[PDB]
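Scroll down for the structure; my scribbles are underneath it.
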Amino acid sequence: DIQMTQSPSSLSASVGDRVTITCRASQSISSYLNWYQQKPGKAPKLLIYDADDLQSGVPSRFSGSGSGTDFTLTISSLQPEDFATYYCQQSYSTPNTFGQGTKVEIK
């Protein structure tokens, strides 16, 4: 089992702001780290995989960084469609496990 710790739990930002979210894995997962976005009532959608491989058709304002145990998701310039809960998920080991999520909330 691998435990994923996300920080912060929630944050406040306005449209246009840059936001950073962190994810720590309990042991190394090299670059097998995925970022998901979830809107309330809806399923999680994959934004980044392989730690920093932005999925085709996902906007460039989303970027991932990190390798090993420490990962970051940066949203460089928030659009209103970006307010959501973001999860990291390790895909190194089964069961794949999610962080607790960070809610990015409108200010």
Side-chain angles (χ1 to χ4, degrees), residues 2 4-8 11-17 19-23 25-27 29-41 43-44 46-48 51-54 56-66 68-78 80-92 94-99 101-102 104:
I2 297 193
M4 302 302 305
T5 304
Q6 260 180 266
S7 70
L11 62 91
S12 294
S14 297
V15 166
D17 287 358
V19 291
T20 283
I21 294 160
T22 294
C23 175
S26 58
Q27 70 183 263
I29 63 172
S30 66
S31 295
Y32 289 80
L33 190 284
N34 307 288
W35 293 98
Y36 282 90
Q37 180 192 65
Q38 189 176 38
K39 305 286 171 83
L46 184 64
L47 293 197
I48 290 171
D52 59 0
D53 195 344
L54 185 72
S56 65
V58 180
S60 71
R61 66 184 180 274
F62 293 106
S63 77
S65 32
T69 66
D70 268 35
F71 302 82
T72 304
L73 166 72
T74 300
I75 312 186
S76 61
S77 180
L78 283 161
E81 58 264 38
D82 299 340
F83 288 102
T85 298
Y86 292 80
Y87 294 98
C88 59
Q89 181 225 36
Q90 68 82 16
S91 56
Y92 162 63
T94 297
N96 292 354
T97 38
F98 281 87
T102 303
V104 174

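These values consider heavy atoms only, across backbone and side chains, with no hydrogens, waters or symmetry-generated copies. Count residues from 1 along the sequence.
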Discussion item. Checking side-chain polar atoms at under 3.5 Å, does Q38 have a donor or acceptor matched by the opposite partner on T85?
Written reply: no
Worksheet item: Parallel, tilted or perpendicular: which describes the rings of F98 and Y36, with under 30° parallel and over 60° perpendicular?
Response: tilted
Worksheet entry | Atom pair OH/CD1 of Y92 and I2 - distance to nearest 0.5 Å | 6.0 Å
Worksheet item: Quick one: CG on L73 to CD on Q37, what's the gap to the nearest 0.5 Å?
Response: 9.5 Å
Worksheet item: When rounded to the nearest 0.5 angstrom, what is the spacing between CZ in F71 and OH in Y32?
Response: 11.5 Å
Response to the item:
What one should report as the nearest heavy-atom pair of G66 and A51 is O-CB, 3.2 Å
Worksheet, complete the sentence: d(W35 CH2, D52 CG) to nearest 0.5 Å is 12.5 Å
Item to complete: Please report the shortest heavy-atom distance between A13 and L78, naming the atom on each side.
Response: CB-CD1, 3.4 Å
Discussion item. Between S30 (side chain only) and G68 (backbone N and O only), is there a donor and an acceptor less than 3.5 Å apart?
Written reply: no
Fill in: Heavy-atom side-chain proximity of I29 to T69 below 4.5 angstrom
no
Fill in: Donor-acceptor pair, side chain of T102 and main chain of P8, under 3.5 angstrom
yes
Worksheet item: Are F83 and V15 close enough that some pair of their side-chain heavy atoms sits under 4.5 Å apart?
Response: yes
Discussion item. Quick one, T74 with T20, criterion side-chain hydrogen bond (donor to acceptor under 3.5 Å, both in side chains). Give me CA distance, side-chain angles, the key distance, then yes/no.
Written reply: CA-CA 4 Å; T74 300; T20 283; 3.3 Å; yes
Worksheet item: Distance from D17 atom CG to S77 atom OG, nearest 0.5 Å?
Response: 8.5 Å
Discussion item. Contact between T22 and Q6 at the side-chain level, heavy atoms closer than 4.5 Å - yes or no?
Written reply: no
Worksheet item: Mind checking whether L11 and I21 have side chains closer than 4.5 Å, heavy atoms only?
Response: yes
Discussion item. Distance check, rounded to the nearest 0.5 Å: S63 atom OG versus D53 atom CG?
Written reply: 12.5 Å
Item to complete: Any chance you could lay out the side-chain hydrogen bond (donor to acceptor under 3.5 Å, both in side chains) test for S91 and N34, step after step, and finish with the verdict?
Response: CA-CA 7 Å; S91 56; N34 307 288; 3.1 Å; yes
Discussion item. With heavy-atom distances below 4.5 Å as the criterion, would you say the side chains of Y87 and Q89 are in contact?
Written reply: no
Worksheet, complete the sentence: Between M4 and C88, the two heavy atoms sitting closest are CE-SG, 4.1 Å
